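Q: Once you've had a glance at the structure underneath, I'll fire off some questions.
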Amino acid sequence: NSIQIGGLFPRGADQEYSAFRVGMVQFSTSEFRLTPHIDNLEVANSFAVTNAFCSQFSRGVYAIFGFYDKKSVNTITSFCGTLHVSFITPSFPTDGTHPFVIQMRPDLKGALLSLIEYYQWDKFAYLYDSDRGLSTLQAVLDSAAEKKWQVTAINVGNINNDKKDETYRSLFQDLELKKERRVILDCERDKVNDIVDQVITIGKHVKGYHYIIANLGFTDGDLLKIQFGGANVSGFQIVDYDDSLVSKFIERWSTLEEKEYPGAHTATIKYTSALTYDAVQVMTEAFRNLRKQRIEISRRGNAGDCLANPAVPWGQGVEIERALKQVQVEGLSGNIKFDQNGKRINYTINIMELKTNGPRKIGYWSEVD
Amino acid sequence: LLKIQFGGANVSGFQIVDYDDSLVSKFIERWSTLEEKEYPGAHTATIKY
Amino acid sequence: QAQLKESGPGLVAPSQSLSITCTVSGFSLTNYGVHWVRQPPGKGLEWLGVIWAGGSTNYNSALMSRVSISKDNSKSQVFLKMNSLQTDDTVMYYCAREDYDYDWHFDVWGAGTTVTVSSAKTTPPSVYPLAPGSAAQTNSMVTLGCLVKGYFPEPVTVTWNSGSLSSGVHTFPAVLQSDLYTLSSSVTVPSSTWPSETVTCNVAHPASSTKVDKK
Amino acid sequence: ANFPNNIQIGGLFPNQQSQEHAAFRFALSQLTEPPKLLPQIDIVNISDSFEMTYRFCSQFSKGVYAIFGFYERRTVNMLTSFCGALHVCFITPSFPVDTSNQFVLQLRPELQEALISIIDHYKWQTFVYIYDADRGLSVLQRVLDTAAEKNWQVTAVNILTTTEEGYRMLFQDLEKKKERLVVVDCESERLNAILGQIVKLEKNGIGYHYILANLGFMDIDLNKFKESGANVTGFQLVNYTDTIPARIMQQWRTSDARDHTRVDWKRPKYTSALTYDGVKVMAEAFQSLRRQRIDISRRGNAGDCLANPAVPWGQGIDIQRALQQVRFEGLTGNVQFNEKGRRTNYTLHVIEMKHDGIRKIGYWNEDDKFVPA
Amino acid sequence: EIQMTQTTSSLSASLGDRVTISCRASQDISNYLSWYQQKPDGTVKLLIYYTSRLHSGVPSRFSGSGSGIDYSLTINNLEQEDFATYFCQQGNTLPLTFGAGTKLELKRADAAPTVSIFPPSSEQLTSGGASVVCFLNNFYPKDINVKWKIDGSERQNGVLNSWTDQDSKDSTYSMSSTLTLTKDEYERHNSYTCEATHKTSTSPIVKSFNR
Ligand SMILES: *[C@@H]1O[C@H](CO)[C@@H](O[C@@H]2O[C@H](CO)[C@@H](O)[C@H](O)[C@H]2NC(C)=O)[C@H](O)[C@H]1NC(C)=O
Ligand SMILES: *[C@@H]1O[C@H](CO)[C@@H](O[C@@H]2O[C@H](CO)[C@@H](O)[C@H](O)[C@H]2NC(C)=O)[C@H](O)[C@H]1NC(C)=O
Ligand SMILES: *[C@@H]1O[C@H](CO)[C@@H](O[C@@H]2O[C@H](CO)[C@@H](O)[C@H](O)[C@H]2NC(C)=O)[C@H](O)[C@H]1NC(C)=O
Ligand SMILES: *[C@@H]1O[C@H](CO)[C@@H](O)[C@H](O)[C@H]1NC(C)=O
Ligand SMILES: *[C@@H]1O[C@H](CO)[C@@H](O)[C@H](O)[C@H]1NC(C)=O
Ligand SMILES: *[C@@H]1O[C@H](CO)[C@@H](O)[C@H](O)[C@H]1NC(C)=O
């Protein structure tokens with residue numbers, strides 16, 4: 001059997017695509033055969049995303065594995081909910097409920113607020129960015145207004161790259177003017193590195209400060225520079241390297257060559273590529289469960305236009321979504337099981353702290369506890 | 001020095017070749033323009049003593 | 001570098017099983033799958049079956065009743081055991097390792113080992129001299145002929161002057177006649193040295209491994 | 001053959017019968033100068049990216065020169081991208097987005113700077129900001145940064161996330177102190193709906209100061225805020241008592257007396273004025289393009305919407321430059337856009353209500369942060 | 001099963017030329033085709049993946065194109081290493097079918113075959129049957145017909161035609177054949193000739209032997 005899917009990868013996601021290839025070649029079974037059509041594009045441009053989605057719907061794909069940015073969430077979600085085409089996305093979970101979007105990144109607002117309450121913080125700064133939406137910002141603001149905190153929220157997204165040092169220095173001077181010893185960084189692996197370099201330049205990594213890296217990847221960034229600074233920093237970690245599955249994967253991942261698999265010759269692994277591996281596993285398991293129950297999901301090449309009127313959804317889309325949401329497996333990110341809305345439930349986030357000898361796990365946050 | 005400059009601590013040192021003089025300035029004006037292919041290390045504003 | 005060394009028997013009795021092995025070096029047999037192909041003489045290869053990395057195997061609908069791939073991940077080996085190998089079923093069996101980079105490609109393909117399942121018994125190759133019947137050398141190099149007969153199994157490797165003088169030696173491919181290798185060769189030996197030093201064609205059977213030299 | 005007599009203009013209106021639609025049709029009926037604008041109005045759910053994309057593509061396939069319509073939070077990121085990638089201008093009276101290209105023309109003036117100027121003129125230190133998550137997120141970030149830089153205590157609460165018990169809790173927690181300072185960022189209709197609950201906790205009127213972040217202060221009712229010691233302060237963009245606004249309104253009233261519109265203009269809002277000004281902007285731009293003999297023609301018929309590679313429009317840049325260069329004195333005051341397409345060179349009359357006394361404190365500008373009176 | 005069938009069975013072109021081998025499938029392969037190269041020694045390797053992109057480390061001269069059923073691989077500037085078979089596979093559904101492909105050869109000067117015949121040794125005289133080996137070397141192209149005339153009477157029976165591969169340096173497809181008759185007839189025959197009709201020289205050249 002041939003089950004055609006589609007792949008929407010951003011311009012620059014090399015390690016993610018390498019992990020996708022590793023998962024495709026590793027999880028292949030005999031019940032079917034995935035034939036993904038890859039289409040690298042710019043996810044932040046809604047026009048290119050619409051063009052790629054229509055191009056891949058013109059082939060009659062079954063699902064579409066792809067990323068999206070805050071400027072393209074609505075296009076992807078609306079097209080998927082209207083045309084009845086699933087969408088496995090390792091990006092941030094959309095705000096609210098959205099059918100036919102099988103999100104893969106576990107939530108962080110709960111664990112973030114739990115860590116804030118654990119450290120018993122009352123006044124702190126919160127440097128955020130509008131890349132992954134403004135859900136965490138609103139959650140933090142509401143929790144602070146309910147628990148009477150002093151949050152100093154600052155958008156560091158408009159920092160231009162030509163004179164970033166001056167703006168960062170002025171920002172940290174203004175933060176010191178209010179005596180802000182606690183800072184929560186909510187950025188990706190690049191803005192976090194930039195802010196860390198600026199902190200080191202301005203000399204604030206000395207003992208007496210505390211930072212919280214608000215992202216599922218702690219060891220992804222450059223931590224060998226703040227480790228010996230004196231200040232204690234904490235963060236979250238979805239993919240732990242102490243498990244047996246992650247260890248067996250890394251033992252066969254660091255040995256790969258960077259020429260064939262770009263970004264593979266490394267000991268660590270970004271959590272987005274781990275979610276990509278798990279997404280390949282989840283699609284394979286869903287197709288196996290559909291083929292085991294003898295569900296004839298074979299659709300002819302009558303896909304036709306992409307923006308037809310009226311947009312008629314095929315009768316097998318809801319079946320594929322139901323089979324994809326009812327998949328419970330164990331992967332690199334941990335236990336994978338989705339609720340009715342597609343969001344991830346029953347996960348586990350390993351909270352880490354950067355000691356002088358390295359990051360050490362101090363506990364695990366869940367949703368039931 | 002662009003790394004300790006914004007650290008906060010004050011550091012001091014010595015300097016034999018000053019760039020405020022007229023001779024050093026006239027030399028540097030004809031030294032930073034040289035190509036690093038022919039004269040290695042020349043395409044720089046400063047100069048080791 | 002991942003490489004599959006297809007090692008097989010090379011010959012087997014008619015209507016008897018044939019088991020070949022492939023030891024993939026550099027690629028874990030538990031992470032990447034293997035696929036077996038059969039290329040006949042001068043024809044396109046046909047995929048017989050594949051043993052996926054997960055352990056599940058899928059074979060072709062034609063050779064399903066005959067092919068059966070079995071993998072040993074500890075020894076890092078994949079064995080193909082095809083029973084009832086007919087004379088027409090004797091083809092170059094090769095093994096390859098599929099990959100995935102924007103399309104399902106077979107990246108590392110093994111060299112493959114030739115298998116000729118034939119019930120021909122080991123017979124000593126008979127090399128006969130094929131005199132041209134001309135005293136005046138029509139060519140600057142004497143085109144000494146050499147025929148083969150009663151050579152089993154096919155083909156009878158023929159080398160002029162026991163492999164020493166092989167200049168202009170056109171050794172045509174043998175045609176399996178009566179379970180024998182009827183090879184023909186024309187060696188362009190030195191016509192000026194004839195017959196003080198003639199290139200005695202040594203013919204050896206591919207199974208008997210017995211070389212006989214005929215002038 | 002530079003510019004034809006009939007210029008096709010597209011429109012994306014959310015409702016079939018609204019005041020803004022009647023204003024659009026009337027403004028198009030009032031201009032009698034070549035080239036005549038022929039409208040193609042489509043009723044579209046502005047919250048559906050698929051439906052809006054389908055309408056945009058169906059209009060661009062018809063060979064439309066300019067599209068005039070509204071958008072929402074879930075459609076701006078698509079509309080700006082499509083307009084910037086297809087070189088098609090989009091004149092919109094909706095809420096301005098902080099990030100956009102030069103092809104989308106915002107008709108609504110900015111309000112974050114005027115809000116910060118008002119807060120500074122009043123010198124508020126600790127207050128509550130009731131933000132609407134539908135649109136008022138670009139202003140909340142600016143206000144939070146200004147508060148962090150000026151050492152303020154801005155507690156931010158949402159309308160949707162909070163509930164009736166949440167409303168009571170936030171109101172009583174604000175009532176713990178003596179002074180109550182509220183600044184709300186909601187649309188006209190949403191503010192009218194929320195005022196029904198706001199009136200339940202304001203009849204005491206002990207130190208309540210509300211700042212309405214709307215260009216339609218005159219549109220909101222004054223009965224609920226009255227009978228209470230609450231001082232409200234809101235901006236106002238339209239001035240229906242001046243010469244040009246009153247003349248335009250009198251012409252519209254005579255027209256509506258003779259030939260009715262679709263739906264009357266009861267309780268006139270400001271989006272109607274923005275729509276009238278947008279129609280006038282399109283008319284002026286196309287007049288300026290035709291009078292300069294610039295060749296405007298759609299040679300390639302049935303131009304596809306989604307085609308790779310995307311071949312941008314031929315005469316799109318000239319049309320965009322002419323639409324941006326338009327400057328005149330319409331209904332909302334002075335209509336003139338800057339390089340980014342946003343509105344500049346405008347005046348926002350700050351109006352304060354207390355003891356049912358409508359008093360104009362002053363006006364706002366870009367050169368002067370505030371001008372009292 | 002998608003039976004990917006190549007267009008041309010065999011092609012021949014000298015160096016410095018650009019060839020283009022095309023293939024067509026039964027059903028839509030969804031542009032998931034792959035062109036590989038098989039040398040004479042048996043070494044195979046990938047040349048173009050996904051029917052659009054060349055493999056890693058392949059020569060930049062070879063490229064591919066064609067979407068849908070038809071797909072063609074074109075070599076920019078031929079050379080000596082480029083003379084090998086080129087096959088095509090369609091990895092869109094199982095069983096993955098491959099195409100027989102065409103082998104590009106070096107075009108040489110159109111020459112005539114040299115008819116040559118050998119006699120039967122006494123061993124084949126006393127064994128019970130003779131054999132006349134007709135070695136028509138220096139033939140171009142390999143397309144040639146054989147007529148074996150024992151005792152003049154052209155008897156195609158016992159004409160076991162088995163040619164040889166075209167040598168690179170020789171640039172001529174050597175032709176070999178065998179003609180048969182009984183030792184009581186061949187030794188009693190009149191003339192055992194073997195005419196080889198080629199494409200360059202339409203006239204047949206027979207290499208007889210007195211019997
Ligand atoms: C980590 O850095 C912070 C500096 O803010 C400090 O942590 C305070 O330590 C006390 C106990 O010593 C905890 O109860 C607080 O939760 C910590 N965080 C605060 C007050 O923000 C301390 O200097 C460092 N070490 C630890 C163990 O927290
Ligand atoms: C316009 O489109 C929006 C977006 O699809 C519609 O909002 C949805 O409304 C349904 C009604 O039950 C809800 O179930 C969905 O959850 C809503 N979408 C989202 C993203 O929350 C809206 O109803 C449409 N309006 C009209 C008049 O059709
Ligand atoms: C808006 O820009 C224009 C020109 O840049 C200026 O306003 C002009 O306003 C003056 C005063 O009423 C009048 O001469 C005309 O209405 C305009 N002048 C021209 C030459 O067109 C002014 O700089 C800006 N502000 C206002 C309020 O108009
Ligand atoms: C969550 O996953 C664990 C791991 O197997 C399982 O034991 C538990 O029952 C799960 N709980 C729910 C509510 O699914
Ligand atoms: C409202 O205005 C009146 C008179 O202008 C003033 O006395 C009162 O203090 C104001 N209210 C507040 C809360 O400042
Ligand atoms: C608005 O209209 C009123 C009524 O005539 C007038 O007094 C006022 O000056 C106008 N606003 C401005 C800014 O001129």
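Each chain in the structure tokens gets a letter, A, B, ..., in the order shown, and its residues are numbered from 1; ligands are numbered from 1 in order too.
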Counting only C-alpha atoms and all ligand atoms, what residues are within 8 Å of ligand 4, given as a list in words?
A: residues 335, 337, 345, 346 and 347 of chain A
Q: Save the residues we just selected, N, CA, C and O atoms, as a PDB file, in the first residue's frame?
A:
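Generated file (out.pdb):
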ATOM      1  N   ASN A 335       5.677   9.459  27.153  1.00  0.00           N
ATOM      2  CA  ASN A 335       4.385   8.869  26.830  1.00  0.00           C
ATOM      3  C   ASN A 335       3.590   9.822  25.948  1.00  0.00           C
ATOM      4  O   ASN A 335       3.399  10.992  26.294  1.00  0.00           O
ATOM      5  N   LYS A 337       0.050  10.484  24.210  1.00  0.00           N
ATOM      6  CA  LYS A 337      -1.377  10.206  24.137  1.00  0.00           C
ATOM      7  C   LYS A 337      -2.111  11.531  24.032  1.00  0.00           C
ATOM      8  O   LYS A 337      -1.826  12.458  24.797  1.00  0.00           O
ATOM      9  N   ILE A 345      -1.633  14.937  26.336  1.00  0.00           N
ATOM     10  CA  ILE A 345      -1.957  14.750  27.743  1.00  0.00           C
ATOM     11  C   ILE A 345      -1.077  13.643  28.304  1.00  0.00           C
ATOM     12  O   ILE A 345      -0.460  12.869  27.567  1.00  0.00           O
ATOM     13  N   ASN A 346      -1.026  13.579  29.635  1.00  0.00           N
ATOM     14  CA  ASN A 346      -0.295  12.538  30.357  1.00  0.00           C
ATOM     15  C   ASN A 346       1.186  12.531  29.983  1.00  0.00           C
ATOM     16  O   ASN A 346       1.787  11.483  29.740  1.00  0.00           O
ATOM     17  N   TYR A 347       1.776  13.719  29.938  1.00  0.00           N
ATOM     18  CA  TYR A 347       3.189  13.872  29.645  1.00  0.00           C
ATOM     19  C   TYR A 347       3.959  14.115  30.941  1.00  0.00           C
ATOM     20  O   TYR A 347       3.406  14.046  32.042  1.00  0.00           O
TER      21      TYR A 347
END
Q: Please identify every residue of chain E that has at least one atom no more than 9 Å from any atom of chain A, counting only C-alpha atoms, and report them as a ChimeraX atom specification.
A: /E:30,32,56,91-94
Q: Point out the residue among E:160, E:84, E:33, E:205 with the least atom-to-atom distance to residue 106 in chain E, counting only C-alpha atoms.
A: E:84
Q: What's the 9 Å shell around residue 211 in chain A, counting only C-alpha atoms, without same-chain residues fewer than 3 positions away, as JSON, numbers by chain?
A: {"A": [181, 182, 183, 184, 185, 231, 232, 233, 234, 235]}
Q: Keeping only N, CA, C and O atoms, take the residues you just selected and write them out as a PDB file, in the first residue's frame.
A:
ATOM      1  N   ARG A 181      16.331  40.854  40.374  1.00  0.00           N
ATOM      2  CA  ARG A 181      17.260  39.736  40.460  1.00  0.00           C
ATOM      3  C   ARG A 181      16.719  38.459  39.832  1.00  0.00           C
ATOM      4  O   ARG A 181      17.482  37.502  39.661  1.00  0.00           O
ATOM      5  N   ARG A 182      15.435  38.416  39.486  1.00  0.00           N
ATOM      6  CA  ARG A 182      14.809  37.231  38.914  1.00  0.00           C
ATOM      7  C   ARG A 182      14.274  37.576  37.532  1.00  0.00           C
ATOM      8  O   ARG A 182      13.491  38.520  37.383  1.00  0.00           O
ATOM      9  N   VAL A 183      14.696  36.811  36.527  1.00  0.00           N
ATOM     10  CA  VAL A 183      14.321  37.048  35.139  1.00  0.00           C
ATOM     11  C   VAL A 183      13.877  35.730  34.522  1.00  0.00           C
ATOM     12  O   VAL A 183      14.513  34.692  34.730  1.00  0.00           O
ATOM     13  N   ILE A 184      12.785  35.771  33.766  1.00  0.00           N
ATOM     14  CA  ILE A 184      12.257  34.607  33.067  1.00  0.00           C
ATOM     15  C   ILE A 184      12.354  34.869  31.572  1.00  0.00           C
ATOM     16  O   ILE A 184      11.682  35.766  31.045  1.00  0.00           O
ATOM     17  N   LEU A 185      13.182  34.084  30.888  1.00  0.00           N
ATOM     18  CA  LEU A 185      13.393  34.212  29.452  1.00  0.00           C
ATOM     19  C   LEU A 185      12.456  33.258  28.722  1.00  0.00           C
ATOM     20  O   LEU A 185      12.539  32.039  28.909  1.00  0.00           O
ATOM     21  N   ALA A 231      25.791  32.357  39.393  1.00  0.00           N
ATOM     22  CA  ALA A 231      24.344  32.412  39.517  1.00  0.00           C
ATOM     23  C   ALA A 231      23.727  31.071  39.141  1.00  0.00           C
ATOM     24  O   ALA A 231      24.217  30.364  38.256  1.00  0.00           O
ATOM     25  N   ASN A 232      22.643  30.722  39.825  1.00  0.00           N
ATOM     26  CA  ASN A 232      21.946  29.467  39.589  1.00  0.00           C
ATOM     27  C   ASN A 232      20.766  29.704  38.658  1.00  0.00           C
ATOM     28  O   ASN A 232      19.935  30.582  38.911  1.00  0.00           O
ATOM     29  N   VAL A 233      20.698  28.922  37.585  1.00  0.00           N
ATOM     30  CA  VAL A 233      19.625  29.025  36.608  1.00  0.00           C
ATOM     31  C   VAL A 233      18.897  27.691  36.537  1.00  0.00           C
ATOM     32  O   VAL A 233      19.461  26.631  36.828  1.00  0.00           O
ATOM     33  N   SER A 234      17.622  27.755  36.162  1.00  0.00           N
ATOM     34  CA  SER A 234      16.765  26.584  36.086  1.00  0.00           C
ATOM     35  C   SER A 234      16.000  26.600  34.773  1.00  0.00           C
ATOM     36  O   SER A 234      15.901  27.627  34.098  1.00  0.00           O
ATOM     37  N   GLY A 235      15.455  25.446  34.419  1.00  0.00           N
ATOM     38  CA  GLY A 235      14.715  25.335  33.183  1.00  0.00           C
ATOM     39  C   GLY A 235      13.975  24.020  33.116  1.00  0.00           C
ATOM     40  O   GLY A 235      13.945  23.253  34.079  1.00  0.00           O
TER      41      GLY A 235
END
Q: Name the residues in contact with residue 201 in chain D at a cut-off of 10 Å, using only C-alpha atoms, excluding same-chain residues fewer than 2 positions from it; report them as a list in words.
A: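 Returned residues: residues 167, 168, 171, 172, 175, 196, 197, 198, 199, 203, 204 and 205 of chain D.
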Q: Neighbours of ligand 6 at 7 Å or closer, counting only C-alpha atoms and all ligand atoms: which residues, as a ChimeraX atom specification?
A: /D:239-242,347,349,363
Q: Please determine the contact residues of chain A with respect to chain C at a cut-off of 10 Å, counting only C-alpha atoms, and supply them as a list in words.
A: residues 7, 17, 18, 20, 21, 22, 23, 24, 25, 26, 27, 28, 29, 30, 31, 33, 34, 35, 36, 37, 38, 39, 249, 252, 260 and 261 of chain A
Q: Could you dump the residues just selected with C-alpha atoms as a PDB file, in the first residue's frame?
A:
ATOM      1  CA  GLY A   7       5.797  17.641   4.513  1.00  0.00           C
ATOM      2  CA  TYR A  17      14.482  16.928   8.459  1.00  0.00           C
ATOM      3  CA  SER A  18      17.392  14.624   9.308  1.00  0.00           C
ATOM      4  CA  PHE A  20      12.426  12.910   9.939  1.00  0.00           C
ATOM      5  CA  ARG A  21      14.519  10.792   7.567  1.00  0.00           C
ATOM      6  CA  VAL A  22      15.864   8.671  10.434  1.00  0.00           C
ATOM      7  CA  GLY A  23      12.332   8.067  11.690  1.00  0.00           C
ATOM      8  CA  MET A  24      11.036   7.244   8.214  1.00  0.00           C
ATOM      9  CA  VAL A  25      13.794   4.692   7.628  1.00  0.00           C
ATOM     10  CA  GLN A  26      13.485   3.277  11.165  1.00  0.00           C
ATOM     11  CA  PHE A  27       9.710   2.949  11.666  1.00  0.00           C
ATOM     12  CA  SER A  28       8.921   1.439   8.255  1.00  0.00           C
ATOM     13  CA  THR A  29       6.682  -1.634   8.506  1.00  0.00           C
ATOM     14  CA  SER A  30       5.192  -4.140   6.060  1.00  0.00           C
ATOM     15  CA  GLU A  31       1.519  -3.138   6.331  1.00  0.00           C
ATOM     16  CA  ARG A  33       4.530   2.422   2.818  1.00  0.00           C
ATOM     17  CA  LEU A  34       4.629   6.161   3.476  1.00  0.00           C
ATOM     18  CA  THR A  35       5.530   8.389   0.516  1.00  0.00           C
ATOM     19  CA  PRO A  36       6.068  11.886   1.932  1.00  0.00           C
ATOM     20  CA  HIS A  37       6.440  14.752  -0.528  1.00  0.00           C
ATOM     21  CA  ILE A  38       8.717  17.328   1.094  1.00  0.00           C
ATOM     22  CA  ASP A  39       8.351  21.039   0.321  1.00  0.00           C
ATOM     23  CA  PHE A 249      18.694   6.403  19.979  1.00  0.00           C
ATOM     24  CA  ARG A 252      22.959   5.461  16.999  1.00  0.00           C
ATOM     25  CA  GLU A 260      24.596  12.834   4.906  1.00  0.00           C
ATOM     26  CA  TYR A 261      22.519  13.739   7.979  1.00  0.00           C
TER      27      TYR A 261
END
Q: Run DSSP on the backbone and give me the residues of range 10-193 of chain E it puts in strand (DSSP E or B), as a PyMOL selection string.
A: chain E and resi 11-12+20-24+33-38+44-49+53-54+62-65+70-75+85-90+97-98+102-105+114+117+132-137+145-150+153-154+175-179+191+193
Q: Just want the residues within 9 Å of ligand 2, written as a ChimeraX atom specification, counting only C-alpha atoms and all ligand atoms.
A: /A:74,77-78,81-82,95-99 /D:14,44-51,74
Q: Could you turn the residues from that selection into a file that holds N, CA, C and O atoms, as a compact mmCIF listing (two decimals), in the first residue's frame?
A:
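Saved as again_7.txt:
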# COMPACT_ATOMS: atom_id res chain seq x y z
N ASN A 74 -3.41 30.57 11.69
CA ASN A 74 -4.81 30.63 11.31
C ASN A 74 -5.04 30.02 9.93
O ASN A 74 -6.03 29.31 9.73
N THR A 77 -4.75 26.14 10.31
CA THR A 77 -5.86 25.57 11.07
C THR A 77 -7.16 25.65 10.29
O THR A 77 -7.94 24.69 10.28
N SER A 78 -7.41 26.77 9.61
CA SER A 78 -8.66 26.92 8.87
C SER A 78 -8.70 26.00 7.66
O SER A 78 -9.72 25.36 7.39
N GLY A 81 -9.22 22.41 9.03
CA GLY A 81 -10.56 22.20 9.53
C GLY A 81 -11.64 22.27 8.47
O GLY A 81 -12.72 21.71 8.66
N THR A 82 -11.37 22.95 7.35
CA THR A 82 -12.36 23.04 6.29
C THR A 82 -12.25 21.90 5.29
O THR A 82 -13.28 21.38 4.85
N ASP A 95 -4.08 28.33 20.17
CA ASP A 95 -4.94 28.86 21.23
C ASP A 95 -6.35 28.31 21.07
O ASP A 95 -7.01 28.58 20.06
N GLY A 96 -6.81 27.56 22.05
CA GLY A 96 -8.14 26.99 22.01
C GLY A 96 -8.18 25.63 21.35
O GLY A 96 -7.18 24.92 21.24
N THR A 97 -9.38 25.26 20.91
CA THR A 97 -9.61 23.98 20.26
C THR A 97 -9.61 24.15 18.74
O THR A 97 -10.11 25.15 18.22
N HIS A 98 -9.03 23.18 18.05
CA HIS A 98 -8.97 23.20 16.60
C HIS A 98 -8.99 21.77 16.07
O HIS A 98 -8.07 20.99 16.36
N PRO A 99 -10.01 21.38 15.32
CA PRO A 99 -10.05 20.02 14.78
C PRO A 99 -8.96 19.80 13.74
O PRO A 99 -8.46 20.74 13.12
N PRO D 14 -18.34 42.29 6.05
CA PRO D 14 -18.79 41.15 6.86
C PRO D 14 -20.30 40.97 6.88
O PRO D 14 -20.78 39.83 6.81
N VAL D 44 -18.48 38.18 3.47
CA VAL D 44 -17.50 37.18 3.86
C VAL D 44 -17.36 37.16 5.37
O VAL D 44 -17.44 38.21 6.02
N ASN D 45 -17.18 35.97 5.93
CA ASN D 45 -16.91 35.81 7.35
C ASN D 45 -15.44 36.15 7.59
O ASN D 45 -14.55 35.36 7.27
N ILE D 46 -15.19 37.32 8.17
CA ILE D 46 -13.84 37.87 8.26
C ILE D 46 -12.99 37.10 9.26
O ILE D 46 -11.80 37.39 9.43
N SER D 47 -13.58 36.12 9.93
CA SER D 47 -12.86 35.30 10.89
C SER D 47 -12.44 33.95 10.33
O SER D 47 -11.85 33.14 11.05
N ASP D 48 -12.74 33.68 9.06
CA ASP D 48 -12.42 32.41 8.42
C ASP D 48 -11.32 32.66 7.39
O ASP D 48 -11.57 33.28 6.36
N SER D 49 -10.11 32.18 7.68
CA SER D 49 -9.00 32.37 6.76
C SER D 49 -9.26 31.68 5.42
O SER D 49 -8.86 32.20 4.37
N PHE D 50 -9.92 30.53 5.44
CA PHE D 50 -10.23 29.85 4.18
C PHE D 50 -11.23 30.64 3.35
O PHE D 50 -11.04 30.82 2.15
N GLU D 51 -12.30 31.12 3.99
CA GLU D 51 -13.31 31.88 3.25
C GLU D 51 -12.75 33.20 2.74
O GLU D 51 -13.03 33.60 1.60
N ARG D 74 -7.67 36.95 13.17
CA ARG D 74 -7.37 35.70 12.49
C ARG D 74 -7.31 35.85 10.97
O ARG D 74 -7.30 34.84 10.27
Q: For ligand 5, collect every residue having any atom at a distance of at most 8 Å from a ligand atom (counting only C-alpha atoms and all ligand atoms); output as a PyMOL selection string.
A: chain D and resi 179-181+206-209+229-231+354-355
Q: Please produce a file of the residues just selected, as a compact mmCIF listing (two decimals), in the first residue's frame, where the atoms kept are N, CA and C atoms.
A:
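In the end it all went to selection.txt:
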# COMPACT_ATOMS: atom_id res chain seq x y z
N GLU D 179 -8.28 55.31 45.45
CA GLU D 179 -8.42 55.71 44.06
C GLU D 179 -8.61 54.49 43.17
N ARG D 180 -9.55 54.60 42.23
CA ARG D 180 -9.85 53.55 41.27
C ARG D 180 -9.57 54.09 39.88
N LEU D 181 -8.58 53.52 39.20
CA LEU D 181 -8.15 53.97 37.88
C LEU D 181 -8.24 52.80 36.91
N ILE D 206 -17.07 56.49 43.79
CA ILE D 206 -16.10 56.99 44.76
C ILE D 206 -14.72 56.84 44.13
N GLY D 207 -14.26 57.89 43.45
CA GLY D 207 -12.92 57.89 42.89
C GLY D 207 -12.72 56.97 41.71
N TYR D 208 -13.72 56.82 40.85
CA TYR D 208 -13.61 56.00 39.65
C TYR D 208 -13.22 56.89 38.47
N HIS D 209 -12.12 56.56 37.81
CA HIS D 209 -11.68 57.27 36.62
C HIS D 209 -11.45 56.26 35.50
N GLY D 229 -20.32 59.04 40.57
CA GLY D 229 -19.15 59.89 40.62
C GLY D 229 -17.96 59.32 39.88
N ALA D 230 -18.14 59.02 38.60
CA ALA D 230 -17.09 58.45 37.77
C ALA D 230 -16.74 59.43 36.66
N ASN D 231 -15.45 59.70 36.49
CA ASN D 231 -14.96 60.59 35.44
C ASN D 231 -14.43 59.73 34.30
N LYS D 354 -17.91 64.22 32.97
CA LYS D 354 -18.06 64.20 34.41
C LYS D 354 -19.19 65.15 34.77
N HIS D 355 -20.12 64.68 35.61
CA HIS D 355 -21.32 65.44 35.96
C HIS D 355 -22.14 65.77 34.72
Q: Can you work out the spacing between CA of residue 56 in chain A and CA of residue 85 in chain A in Å, to one decimal?
A: 10.8 Å
Q: Counting only C-alpha atoms and all ligand atoms, what residues are within 12 Å of ligand 1, given as a PyMOL selection string?
A: chain A and resi 115-125+179-184+205-212+230-234+353-355+362
Q: Name the residues of range 104-155 of chain A that fall into alpha helix (DSSP H) according to DSSP on the backbone, using the chain letters and numbers of this document, as a list in words.
A: residues 109, 110, 111, 112, 113, 114, 115, 116, 117, 118, 119, 135, 136, 137, 138, 139, 140, 141, 142, 143, 144, 145, 146 and 147 of chain A
